[PDB]
Amino acid sequence: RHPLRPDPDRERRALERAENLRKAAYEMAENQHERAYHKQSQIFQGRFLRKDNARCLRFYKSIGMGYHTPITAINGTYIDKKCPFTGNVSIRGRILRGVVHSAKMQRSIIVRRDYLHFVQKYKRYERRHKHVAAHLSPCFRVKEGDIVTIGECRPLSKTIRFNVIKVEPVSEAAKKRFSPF
Amino acid sequence: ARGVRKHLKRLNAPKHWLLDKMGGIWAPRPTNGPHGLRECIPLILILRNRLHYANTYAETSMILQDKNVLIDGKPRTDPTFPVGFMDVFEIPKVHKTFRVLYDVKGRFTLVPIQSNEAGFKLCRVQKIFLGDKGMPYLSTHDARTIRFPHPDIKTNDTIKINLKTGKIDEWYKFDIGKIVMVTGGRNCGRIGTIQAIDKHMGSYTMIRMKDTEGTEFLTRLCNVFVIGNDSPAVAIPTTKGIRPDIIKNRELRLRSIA
Amino acid sequence: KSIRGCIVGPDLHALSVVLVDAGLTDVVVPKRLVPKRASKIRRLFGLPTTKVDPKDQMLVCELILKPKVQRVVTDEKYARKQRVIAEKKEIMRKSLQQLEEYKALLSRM
Amino acid sequence: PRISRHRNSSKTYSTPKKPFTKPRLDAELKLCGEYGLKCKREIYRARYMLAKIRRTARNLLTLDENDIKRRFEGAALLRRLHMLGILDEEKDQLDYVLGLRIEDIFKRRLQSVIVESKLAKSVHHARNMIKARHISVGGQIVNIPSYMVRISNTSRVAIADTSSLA
Amino acid sequence: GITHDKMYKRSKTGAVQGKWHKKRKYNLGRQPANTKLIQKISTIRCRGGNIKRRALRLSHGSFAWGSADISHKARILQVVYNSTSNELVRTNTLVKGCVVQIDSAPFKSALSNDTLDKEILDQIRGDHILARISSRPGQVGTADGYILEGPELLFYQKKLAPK
RNA sequence: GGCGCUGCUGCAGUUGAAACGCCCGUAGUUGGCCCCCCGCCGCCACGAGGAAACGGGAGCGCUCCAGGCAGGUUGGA
RNA sequence: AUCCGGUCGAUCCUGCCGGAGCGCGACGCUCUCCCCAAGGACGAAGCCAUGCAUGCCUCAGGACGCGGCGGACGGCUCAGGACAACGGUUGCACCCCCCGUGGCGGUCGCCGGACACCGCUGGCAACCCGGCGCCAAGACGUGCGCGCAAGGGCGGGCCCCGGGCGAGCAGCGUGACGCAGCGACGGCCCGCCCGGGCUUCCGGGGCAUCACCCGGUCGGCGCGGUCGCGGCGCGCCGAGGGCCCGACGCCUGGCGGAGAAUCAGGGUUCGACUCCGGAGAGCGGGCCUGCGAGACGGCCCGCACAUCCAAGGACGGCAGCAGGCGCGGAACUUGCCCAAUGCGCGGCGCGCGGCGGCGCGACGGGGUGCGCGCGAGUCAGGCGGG
Ligand SMILES: [K+]
Ligand SMILES: [K+]
Ligand SMILES: [K+]
Ligand SMILES: [K+]
Ligand SMILES: [K+]
Ligand SMILES: [K+]
Ligand SMILES: [K+]
Ligand SMILES: [K+]
Ligand SMILES: [K+]
Ligand SMILES: [K+]
Ligand SMILES: [K+]
Ligand SMILES: [K+]
Ligand SMILES: [K+]
Ligand SMILES: [K+]
Ligand SMILES: [K+]
Ligand SMILES: [K+]
Ligand SMILES: [K+]
Ligand SMILES: [K+]
Ligand SMILES: [K+]
Ligand SMILES: [K+]
Ligand SMILES: [K+]
Ligand SMILES: [K+]
Ligand SMILES: [K+]
Ligand SMILES: [K+]
Ligand SMILES: [K+]
Ligand SMILES: [K+]
Ligand SMILES: [K+]
Ligand SMILES: [K+]
Ligand SMILES: [K+]
Ligand SMILES: [K+]
Ligand SMILES: [K+]
Ligand SMILES: [K+]
Ligand SMILES: [K+]
Ligand SMILES: [K+]
Ligand SMILES: [K+]
Ligand SMILES: [K+]
Ligand SMILES: [K+]
Ligand SMILES: [K+]
Ligand SMILES: [K+]
Ligand SMILES: [K+]
Ligand SMILES: [K+]
Ligand SMILES: [K+]
Ligand SMILES: [K+]
Ligand SMILES: [K+]
Ligand SMILES: [K+]
Ligand SMILES: [K+]
Ligand SMILES: [K+]
Ligand SMILES: [K+]
Ligand SMILES: [K+]
Ligand SMILES: [K+]
Ligand SMILES: [K+]
Ligand SMILES: [K+]
Ligand SMILES: [K+]
Ligand SMILES: [K+]
Ligand SMILES: [K+]
Ligand SMILES: [K+]
Ligand SMILES: [K+]
Ligand SMILES: [K+]
Ligand SMILES: [K+]
Ligand SMILES: [K+]
Ligand SMILES: [K+]
Ligand SMILES: [K+]
Ligand SMILES: [K+]
Ligand SMILES: [K+]
Ligand SMILES: [K+]
Ligand SMILES: [K+]
Ligand SMILES: [K+]
Ligand SMILES: [K+]
Ligand SMILES: [K+]
Ligand SMILES: [K+]
Ligand SMILES: [K+]
Ligand SMILES: [K+]
Ligand SMILES: [K+]
Ligand SMILES: [K+]
Ligand SMILES: [K+]
Ligand SMILES: [K+]
Ligand SMILES: [K+]
Ligand SMILES: [K+]
Ligand SMILES: [K+]
Ligand SMILES: [K+]
Ligand SMILES: [K+]
Ligand SMILES: [K+]
Ligand SMILES: [K+]
Ligand SMILES: [K+]
Ligand SMILES: [K+]
Ligand SMILES: [K+]
Ligand SMILES: [K+]
Ligand SMILES: [K+]
Ligand SMILES: [K+]
Ligand SMILES: [K+]
Ligand SMILES: [K+]
Ligand SMILES: [Mg+2]
Ligand SMILES: [Mg+2]
Ligand SMILES: [Mg+2]
Ligand SMILES: [Mg+2]
Ligand SMILES: [Mg+2]
Ligand SMILES: [Mg+2]
Ligand SMILES: [Mg+2]
Ligand SMILES: [Mg+2]
Ligand SMILES: [Mg+2]
Ligand SMILES: [Mg+2]
Ligand SMILES: [Mg+2]
Ligand SMILES: [Mg+2]
């Protein structure tokens, strides 16, 4: 890391995101409808009592492969052990793209992938599709029709082996087409 | 099955062993050791099948009981011991010393070497890792382990090892323009110079080399062995890693019965 | 399997019994086999089991196939053990020297 | 298994599709007359051995004159066809292979060679003399009427030194 | 016996799937320890060797007040809260993550320093401290934990409010 | 296989067997012409990587042959 | 790259019926010589008499016995199972692994007693066992030693980005627990190797007189269990998940591939059996020992069948090699040998496999003459062969 930190003079003020995260943590403590207190495993919970600010209050990482961390994950207040940026999982294996078929589950979506199958006797093709279940971190929000890029992780449920890592929005009320990519 | 395999059918043996499909249901199964099953040769297949010092299995055993064979300076009394690439093969009573390399058709050949050369070995650095109480180790293509290596040695370099102390005296860095030889695939056995290194994030890194006649070829980074710095540190067969085409090979074959 | 014909009842066709605290006890059978362990021949003969001359190769046995005493500390066996210890120290000494060399090397680098 | 399960075997002749055609029925017996042929199978074999060398050439002729497959296999085919004497030296073109007939194959049989050099008065006497171990090829006694003689080995066809006709 | 093989589940479309083999040894499961509070640890042979310790009837643990870093060995007094089921609290079953009351004696030597949480010093002034188990007693035979603080402490104090 | 009597190449539907009584219409299939020198598919070519036996195929007279991998510096491309 | 006979009083068509070729089995008739070579698979995974198919090497003349390594590989079969299995292609930053080959080796004065073989006595129809007693170890048990096995609390940066990565991964320090493993002939531990477990993408039978299906079913939270991830299991929360691009259900005289039969090109049909993978050992289940088995030439139980018996009991698994019964149109010797190719222990073992026997399933070569010499047989010696 050859270069070192150019000089803005509003940095320490702009770290008011510390009180932001702190009061979000203290709001989670008051929602007595919950049964478990949710917290990241990478973070002490004694760093919140301190005032010198010297220690970070939220954990995040980079996933590699030229995919950059969204700022909504860096400055969010949610808890997700299955989020690839702020949870306890990793991305490795195949990386694919598809379209959102359904977003009706809890932090889970269905993805529709399209492809062609050649039949040699008839010298022609047929159009085919498959459905893939994927995990949706709160740092993204999607609707049906949007393009997504998903990447492989370890097994996460009976049907899920992938995680949403990029979103390309698609306007509502547009003609739905084959769109293989 | 319910456990490990101990047999190996003759039709299932590796194709570069040049085993013939009659004269046996079974083939020797190499014992675990310094080399893997696919990229090796059982020692018996050299003494009986190739050099005819023995003529059967039973009398191939008695040569290895009285310890007439040294591999890398040690007598191996095991007929299916896996010998492989760069192993030193020395039979004293006949005064024959060989180095085990590949020919231009992906098969093992023995190259005669001098007594001033059989005291060292070239190994490929496969990995660097922290062992017990956090100490550094390096592992080679021979299943060899060295603690406290000099910090310059990095993965894909090659090291030179004296064959009595088992320590390092020299190392060659993996770079552009280094002399190299391919150890597997379908360009196995031929020798060239590196002229490209293309990394692909997540996937295999490919190497482009060029022969001494200028023919260019490609393979994966897991198959390129450095043999020196613009000059091979060892001796190589007479063909020197140049592969003919089928027509020139045919004319050389026509010329042998001629 | 099947077991236990009785806690002794009428069924049994056989019983096994031992005599305590004494037709009358007359015969005394000899012990066919003699002590074999090295200590087994020092408790018999009252010898101490702690000295630097424990050899004990008295050969009598009253010519009674069985002797070949076990657990005897000879001279060569003593040398063997001492040699193994003297090499188990050399390993540690050379290992600590190599560790020191590597630490100094990284210091220079 | 046993080792014998791995041995190969193959049929070496093709029977015709219409058996009862008159013109080839008598054309097929003029051939049994000019050569001491035992039965129709020895004709079938011949045609089968033609039908392969005809299939190769037509595969290469569809190709281009500078491809390596042509340069390699056509040269092999011509070099094999010149040694057996099925084709002669002056025709060293791959297109000269297509106009070949069975009679060219039948003319290099040992039974035919010994007739040509007049060791035997006819072809039937030649077959009888072959069966009697009376003839050697290059000092080697050959018992097979159907033997195929290479042009290298046609200078050296004689009566065997060990014989009752010596 | 008990198996965690997936061959007995329906597919994702709900369809019944067939059986193509009998039970394999490598897919077995065992029964749980149900470790009781207030000392036995059994040994279990596993695949390849690899002894597992399985605790029944543990009493003590080693606990850490992380913020000031005061680590002692203390006696676990009572399981007071559990996220999964209130049945696991009624029986004082020791599992990972349950909230317990531990003995205040070993930490009374920490009553002097100020600038130390009064939400921990006032806990110490009484008879017990609220703490959380952090180990798996059925897999390693041990029950250690940390002392609660921050918003977590308040969340569980309201969960155990005298209401 | 004959068989273009299963028809993608390549059948038949006025009268021999065969065009729904007709109109609307979703899924599906299909869709004029135009900018070239960017991206993403398809597509064409060349590579890398993984098994032999079988199937092709270079060389070799088990006396020929179905075979086999031989052999007289070699070879199993 | 081919057609031909049959509709009429005669004629041109459409259209089927029949003939002509190759392969696989069964039946009939017939057969001189030599080489190669399949051989109880075909809705009976029906039942089995008899013999053989697994042994080889620390402590005393030798056996015997103890201890050790192997018996989870090799051989047989195709019953089950249709988003399985299987084929190509990925991953484990969610894993386990004997032997072998490199490393590494720091741990808060020579101990004890007893078991088998064996002696002396017994029970029982036979299967199988009892009692008392002298005796060893490269067997146990306890251990002499420079503290360090598992797990746990803190030690990260608050645009966005070497020990080692594409990826904050792996080590180390420091407070607490704990006291494991290796030490009575020095090895716990670490890398590789082969092997396994799961896992990504694509391919992966027929029927619509089977159009709607599923309810641990689809997702979330927390624990447990596992070698390990995972609705794998359990508690709680939500209403999801699949479908005419054919879901679900039913049927199959359904093992998959590498391949095979046919033949201009495009295709059609079959994948019992040689190699690779899977599954089973009369049918359900359960398990111990081990690195590795849900093992059947291991054990336990239920069921259906048989075996010996003094009537009390004991006892079995040929879809191993021969052989037999039954069934069917349909398929061989109750041979010799570890000499070869290989495997376990090192010298043996081995119905793996090899060699003969029966064998017109099928392949290849040569005869029953030529104008006058041969082969088929006969008897001897070679060569070959355990
Ligand atoms: K989070
Ligand atoms: K596509
Ligand atoms: K496809
Ligand atoms: K389509
Ligand atoms: K789930
Ligand atoms: K699930
Ligand atoms: K479409
Ligand atoms: K199997
Ligand atoms: K195993
Ligand atoms: K095994
Ligand atoms: K084989
Ligand atoms: K073979
Ligand atoms: K075989
Ligand atoms: K072996
Ligand atoms: K089980
Ligand atoms: K198992
Ligand atoms: K047809
Ligand atoms: K056709
Ligand atoms: K046609
Ligand atoms: K038409
Ligand atoms: K009609
Ligand atoms: K009609
Ligand atoms: K009609
Ligand atoms: K119509
Ligand atoms: K219609
Ligand atoms: K209409
Ligand atoms: K319309
Ligand atoms: K319309
Ligand atoms: K439409
Ligand atoms: K459409
Ligand atoms: K259409
Ligand atoms: K379309
Ligand atoms: K149109
Ligand atoms: K393409
Ligand atoms: K192979
Ligand atoms: K050479
Ligand atoms: K045709
Ligand atoms: K007619
Ligand atoms: K008419
Ligand atoms: K007609
Ligand atoms: K049968
Ligand atoms: K059967
Ligand atoms: K049938
Ligand atoms: K049949
Ligand atoms: K049967
Ligand atoms: K074992
Ligand atoms: K066993
Ligand atoms: K059989
Ligand atoms: K089956
Ligand atoms: K093993
Ligand atoms: K998978
Ligand atoms: K998959
Ligand atoms: K898969
Ligand atoms: K698929
Ligand atoms: K249907
Ligand atoms: K439920
Ligand atoms: K769960
Ligand atoms: K549940
Ligand atoms: K529910
Ligand atoms: K259907
Ligand atoms: K069947
Ligand atoms: K065709
Ligand atoms: K077709
Ligand atoms: K075709
Ligand atoms: K056709
Ligand atoms: K068969
Ligand atoms: K099979
Ligand atoms: K098979
Ligand atoms: K096989
Ligand atoms: K196999
Ligand atoms: K297998
Ligand atoms: K099998
Ligand atoms: K199985
Ligand atoms: K079964
Ligand atoms: K059974
Ligand atoms: K069963
Ligand atoms: K059973
Ligand atoms: K069973
Ligand atoms: K296993
Ligand atoms: K079981
Ligand atoms: K079972
Ligand atoms: K039997
Ligand atoms: K069967
Ligand atoms: K037999
Ligand atoms: K019958
Ligand atoms: K009958
Ligand atoms: K043998
Ligand atoms: K073994
Ligand atoms: K046999
Ligand atoms: K004669
Ligand atoms: K004779
Ligand atoms: Mg097996
Ligand atoms: Mg089973
Ligand atoms: Mg209560
Ligand atoms: Mg047709
Ligand atoms: Mg509900
Ligand atoms: Mg198949
Ligand atoms: Mg098959
Ligand atoms: Mg069979
Ligand atoms: Mg078995
Ligand atoms: Mg069983
Ligand atoms: Mg019958
Ligand atoms: Mg012949």
# chains A, B, ... in the order shown; residues from 1 in each chain; ligands from 1
>>> residues_near_ligand(ligand="ligand 82", cutoff="12 Å", atoms="only C-alpha atoms (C1' of nucleotides) and all ligand atoms", output="list in words")
residues 48, 49, 50, 51, 52, 53, 297, 317, 318, 320, 321, 322, 323, 324 and 334 of chain G
>>> residues_near_ligand(ligand="ligand 29", cutoff="10 Å", atoms="only C-alpha atoms (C1' of nucleotides) and all ligand atoms", output="number ranges by chain")
F: 25-29
>>> select_by_dssp(residues="region 91-249 of chain B", states="strand (DSSP E or B)", output="ChimeraX atom specification")
/B:91,96-102,108-112,120-130,136-140,145-147,158-162,168-172,179-182,191-198,206-210,216-220,224-226,228,232
>>> residues_around(residues="residue 187 (chain B)", least_positions_apart="6", cutoff="8 Å", atoms="only C-alpha atoms (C1' of nucleotides)", output="ChimeraX atom specification")
/B:104,106,217,219
>>> interface_residues(of="chain E", to="chain B", cutoff="12 Å", atoms="only C-alpha atoms", output="list in words")
residues 24, 25 and 26 of chain E
>>> write_last_selection(atoms="N, CA, C and O atoms", output="mmCIF file, in the first residue's frame")
data_model
loop_
_atom_site.group_PDB
_atom_site.id
_atom_site.type_symbol
_atom_site.label_atom_id
_atom_site.label_comp_id
_atom_site.auth_asym_id
_atom_site.auth_seq_id
_atom_site.Cartn_x
_atom_site.Cartn_y
_atom_site.Cartn_z
ATOM 1 N N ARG E 24 -25.450 -46.502 5.934
ATOM 2 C CA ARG E 24 -23.967 -46.548 5.925
ATOM 3 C C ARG E 24 -23.459 -46.079 7.279
ATOM 4 O O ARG E 24 -24.102 -45.211 7.888
ATOM 5 N N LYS E 25 -22.314 -46.593 7.694
ATOM 6 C CA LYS E 25 -21.786 -46.293 9.023
ATOM 7 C C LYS E 25 -21.329 -44.843 9.134
ATOM 8 O O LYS E 25 -21.492 -44.220 10.186
ATOM 9 N N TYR E 26 -20.762 -44.284 8.063
ATOM 10 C CA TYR E 26 -20.224 -42.930 8.140
ATOM 11 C C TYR E 26 -21.297 -41.849 8.249
ATOM 12 O O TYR E 26 -20.950 -40.689 8.479
#
>>> interface_residues(of="chain G", to="chain A", cutoff="6 Å", atoms="only C-alpha atoms (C1' of nucleotides)", output="list in words")
residues 158, 166, 167, 219, 229, 230 and 245 of chain G
>>> residues_around(residues="residue 60 (chain F)", least_positions_apart="4", cutoff="10 Å", atoms="only C-alpha atoms (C1' of nucleotides)", output="list in words")
residues 257 of chain B; 69, 70, 71 and 75 of chain F
>>> residues_near_ligand(ligand="ligand 98", cutoff="9 Å", atoms="only C-alpha atoms (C1' of nucleotides) and all ligand atoms", output="list in words")
residues 255, 256, 257, 271, 272 and 273 of chain G
>>> write_last_selection(atoms="C-alpha atoms (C1' of nucleotides)", output="PDB file, in the first residue's frame")
ATOM      1  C1'   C G 255     -28.115 -51.053 -13.440  1.00  0.00           C
ATOM      2  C1'   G G 256     -25.116 -46.425 -15.898  1.00  0.00           C
ATOM      3  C1'   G G 257     -20.966 -45.283 -19.110  1.00  0.00           C
ATOM      4  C1'   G G 271     -26.645 -51.419 -23.744  1.00  0.00           C
ATOM      5  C1'   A G 272     -26.824 -59.027 -18.591  1.00  0.00           C
ATOM      6  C1'   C G 273     -21.179 -60.438 -19.088  1.00  0.00           C
TER       7        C G 273
END
>>> residues_near_ligand(ligand="ligand 51", cutoff="8 Å", atoms="only C-alpha atoms (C1' of nucleotides) and all ligand atoms", output="list in words")
residues 198, 199 and 200 of chain G
>>> select_by_dssp(residues="region 33-117 of chain E", states="alpha helix (DSSP H)", output="number ranges by chain")
E: 87-90
>>> interface_residues(of="chain E", to="chain A", cutoff="6 Å", atoms="only C-alpha atoms", output="VMD selection string")
chain E and resid 67 83 150 to 151 155
>>> residues_near_ligand(ligand="ligand 11", cutoff="9 Å", atoms="only C-alpha atoms (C1' of nucleotides) and all ligand atoms", output="PyMOL selection string")
(chain B and resi 8-13+21-22+24-27) or (chain D and resi 1+3+6) or (chain F and resi 53) or (chain G and resi 274-275)
>>> closest_residue(among="E:135, E:77, E:109, E:8", to="chain G", atoms="only C-alpha atoms (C1' of nucleotides)")
E:135
>>> interface_residues(of="chain F", to="chain B", cutoff="12 Å", atoms="only C-alpha atoms (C1' of nucleotides)", output="ChimeraX atom specification")
/F:47-53,57-60,67-77
>>> residues_around(residues="residue 144 (chain G)", least_positions_apart="5", cutoff="12 Å", atoms="only C-alpha atoms (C1' of nucleotides)", output="list in words")
residues 109, 110, 111, 183 and 184 of chain G
>>> write_last_selection(atoms="N, CA, C and O atoms (P, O5', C5', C4', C3', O3' and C1' of nucleotides)", output="PDB file, in the first residue's frame")
ATOM      1  P     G G 109      20.621 -43.473  41.098  1.00  0.00           P
ATOM      2  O5'   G G 109      19.187 -43.714  41.748  1.00  0.00           O
ATOM      3  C5'   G G 109      18.503 -44.946  41.570  1.00  0.00           C
ATOM      4  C4'   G G 109      17.348 -44.797  40.615  1.00  0.00           C
ATOM      5  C3'   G G 109      16.824 -46.084  39.995  1.00  0.00           C
ATOM      6  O3'   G G 109      15.902 -46.759  40.835  1.00  0.00           O
ATOM      7  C1'   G G 109      17.182 -44.489  38.297  1.00  0.00           C
ATOM      8  P     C G 110      15.541 -48.303  40.581  1.00  0.00           P
ATOM      9  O5'   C G 110      16.450 -48.726  39.337  1.00  0.00           O
ATOM     10  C5'   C G 110      16.598 -50.095  38.959  1.00  0.00           C
ATOM     11  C4'   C G 110      15.552 -50.522  37.955  1.00  0.00           C
ATOM     12  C3'   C G 110      15.456 -52.030  37.701  1.00  0.00           C
ATOM     13  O3'   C G 110      14.089 -52.411  37.537  1.00  0.00           O
ATOM     14  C1'   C G 110      15.856 -50.902  35.662  1.00  0.00           C
ATOM     15  P     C G 111      13.655 -53.951  37.692  1.00  0.00           P
ATOM     16  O5'   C G 111      12.412 -53.904  38.684  1.00  0.00           O
ATOM     17  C5'   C G 111      12.288 -52.866  39.641  1.00  0.00           C
ATOM     18  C4'   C G 111      10.845 -52.493  39.865  1.00  0.00           C
ATOM     19  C3'   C G 111       9.848 -53.632  39.788  1.00  0.00           C
ATOM     20  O3'   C G 111       9.814 -54.417  40.961  1.00  0.00           O
ATOM     21  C1'   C G 111       9.018 -51.769  38.597  1.00  0.00           C
ATOM     22  P     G G 183       5.361 -44.415  23.729  1.00  0.00           P
ATOM     23  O5'   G G 183       6.676 -43.930  24.477  1.00  0.00           O
ATOM     24  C5'   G G 183       7.115 -44.597  25.643  1.00  0.00           C
ATOM     25  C4'   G G 183       8.208 -43.850  26.363  1.00  0.00           C
ATOM     26  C3'   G G 183       8.639 -44.472  27.681  1.00  0.00           C
ATOM     27  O3'   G G 183       9.566 -45.527  27.519  1.00  0.00           O
ATOM     28  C1'   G G 183       8.225 -42.181  28.013  1.00  0.00           C
ATOM     29  P     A G 184       9.070 -46.993  27.095  1.00  0.00           P
ATOM     30  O5'   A G 184      10.252 -47.935  27.574  1.00  0.00           O
ATOM     31  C5'   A G 184      10.787 -47.807  28.881  1.00  0.00           C
ATOM     32  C4'   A G 184      11.276 -49.130  29.403  1.00  0.00           C
ATOM     33  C3'   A G 184      10.522 -50.351  28.886  1.00  0.00           C
ATOM     34  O3'   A G 184      11.424 -51.450  28.729  1.00  0.00           O
ATOM     35  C1'   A G 184      10.305 -50.211  31.243  1.00  0.00           C
TER      36        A G 184
END
>>> residues_around(residues="region 59-63 of chain E", least_positions_apart="4", cutoff="6 Å", atoms="only C-alpha atoms (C1' of nucleotides)", output="PDB file with N, CA, C and O atoms (P, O5', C5', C4', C3', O3' and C1' of nucleotides), in the first residue's frame")
ATOM      1  N   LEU E  37     -26.358 -29.442  35.256  1.00  0.00           N
ATOM      2  CA  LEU E  37     -25.613 -28.578  36.154  1.00  0.00           C
ATOM      3  C   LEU E  37     -25.490 -29.244  37.520  1.00  0.00           C
ATOM      4  O   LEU E  37     -26.348 -30.034  37.920  1.00  0.00           O
ATOM      5  N   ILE E  38     -24.398 -28.929  38.219  1.00  0.00           N
ATOM      6  CA  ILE E  38     -24.034 -29.464  39.543  1.00  0.00           C
ATOM      7  C   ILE E  38     -24.302 -30.950  39.695  1.00  0.00           C
ATOM      8  O   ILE E  38     -23.694 -31.605  40.542  1.00  0.00           O
ATOM      9  N   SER E  71     -10.039 -12.524  34.799  1.00  0.00           N
ATOM     10  CA  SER E  71     -10.378 -13.917  34.535  1.00  0.00           C
ATOM     11  C   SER E  71     -10.147 -14.739  35.793  1.00  0.00           C
ATOM     12  O   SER E  71      -9.041 -14.746  36.341  1.00  0.00           O
ATOM     13  N   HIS E  72     -11.188 -15.428  36.249  1.00  0.00           N
ATOM     14  CA  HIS E  72     -11.054 -16.348  37.371  1.00  0.00           C
ATOM     15  C   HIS E  72     -11.721 -17.672  37.028  1.00  0.00           C
ATOM     16  O   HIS E  72     -12.237 -17.866  35.929  1.00  0.00           O
ATOM     17  N   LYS E  73     -11.659 -18.608  37.969  1.00  0.00           N
ATOM     18  CA  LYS E  73     -12.434 -19.838  37.918  1.00  0.00           C
ATOM     19  C   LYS E  73     -13.582 -19.723  38.906  1.00  0.00           C
ATOM     20  O   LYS E  73     -13.365 -19.425  40.082  1.00  0.00           O
ATOM     21  N   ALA E  74     -14.798 -19.959  38.432  1.00  0.00           N
ATOM     22  CA  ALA E  74     -15.977 -19.715  39.239  1.00  0.00           C
ATOM     23  C   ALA E  74     -16.969 -20.852  39.073  1.00  0.00           C
ATOM     24  O   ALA E  74     -16.974 -21.573  38.072  1.00  0.00           O
ATOM     25  N   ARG E  75     -17.834 -20.972  40.070  1.00  0.00           N
ATOM     26  CA  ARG E  75     -18.859 -21.997  40.109  1.00  0.00           C
ATOM     27  C   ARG E  75     -20.131 -21.490  39.444  1.00  0.00           C
ATOM     28  O   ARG E  75     -20.615 -20.403  39.766  1.00  0.00           O
ATOM     29  N   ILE E  76     -20.671 -22.280  38.525  1.00  0.00           N
ATOM     30  CA  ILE E  76     -21.914 -21.913  37.860  1.00  0.00           C
ATOM     31  C   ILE E  76     -23.064 -22.218  38.806  1.00  0.00           C
ATOM     32  O   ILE E  76     -23.215 -23.352  39.273  1.00  0.00           O
ATOM     33  N   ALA E 143     -17.218 -26.267  30.113  1.00  0.00           N
ATOM     34  CA  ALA E 143     -18.220 -25.196  30.124  1.00  0.00           C
ATOM     35  C   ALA E 143     -17.571 -23.906  30.627  1.00  0.00           C
ATOM     36  O   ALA E 143     -17.547 -23.640  31.829  1.00  0.00           O
ATOM     37  N   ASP E 144     -17.071 -23.096  29.699  1.00  0.00           N
ATOM     38  CA  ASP E 144     -16.498 -21.805  30.039  1.00  0.00           C
ATOM     39  C   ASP E 144     -17.293 -20.710  29.348  1.00  0.00           C
ATOM     40  O   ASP E 144     -18.079 -20.965  28.436  1.00  0.00           O
ATOM     41  N   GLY E 145     -17.073 -19.477  29.777  1.00  0.00           N
ATOM     42  CA  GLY E 145     -17.856 -18.396  29.223  1.00  0.00           C
ATOM     43  C   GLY E 145     -17.262 -17.045  29.531  1.00  0.00           C
ATOM     44  O   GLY E 145     -16.139 -16.929  30.017  1.00  0.00           O
ATOM     45  N   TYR E 146     -18.043 -16.020  29.222  1.00  0.00           N
ATOM     46  CA  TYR E 146     -17.648 -14.636  29.434  1.00  0.00           C
ATOM     47  C   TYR E 146     -18.722 -13.933  30.250  1.00  0.00           C
ATOM     48  O   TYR E 146     -19.817 -14.456  30.457  1.00  0.00           O
TER      49      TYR E 146
ATOM     50  P     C G 177      -7.590 -20.029  37.232  1.00  0.00           P
ATOM     51  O5'   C G 177      -8.559 -21.155  36.676  1.00  0.00           O
ATOM     52  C5'   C G 177      -8.043 -22.366  36.159  1.00  0.00           C
ATOM     53  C4'   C G 177      -8.982 -22.966  35.151  1.00  0.00           C
ATOM     54  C3'   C G 177      -8.833 -24.457  34.930  1.00  0.00           C
ATOM     55  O3'   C G 177      -9.496 -25.225  35.917  1.00  0.00           O
ATOM     56  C1'   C G 177      -8.930 -23.364  32.846  1.00  0.00           C
TER      57        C G 177
END
>>> residues_near_ligand(ligand="ligand 18", cutoff="12 Å", atoms="only C-alpha atoms (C1' of nucleotides) and all ligand atoms", output="PyMOL selection string")
(chain F and resi 1-7+10) or (chain G and resi 262-269)
>>> residues_near_ligand(ligand="ligand 86", cutoff="12 Å", atoms="only C-alpha atoms (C1' of nucleotides) and all ligand atoms", output="list in words")
residues 326, 327, 328, 329 and 330 of chain G
>>> closest_atom_pairs(of="chain G", to="ligand 43", cutoff="10 Å", atoms="only C-alpha atoms (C1' of nucleotides) and all ligand atoms", output="Markdown table")
| residue | atom | partner | partner_atom_place_in_ligand_line | distance |
| --- | --- | --- | --- | --- |
| G:42 | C1' | ligand 43 | 1 (K) | 4.8 |
| G:43 | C1' | ligand 43 | 1 (K) | 8.2 |
| G:253 | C1' | ligand 43 | 1 (K) | 5.9 |
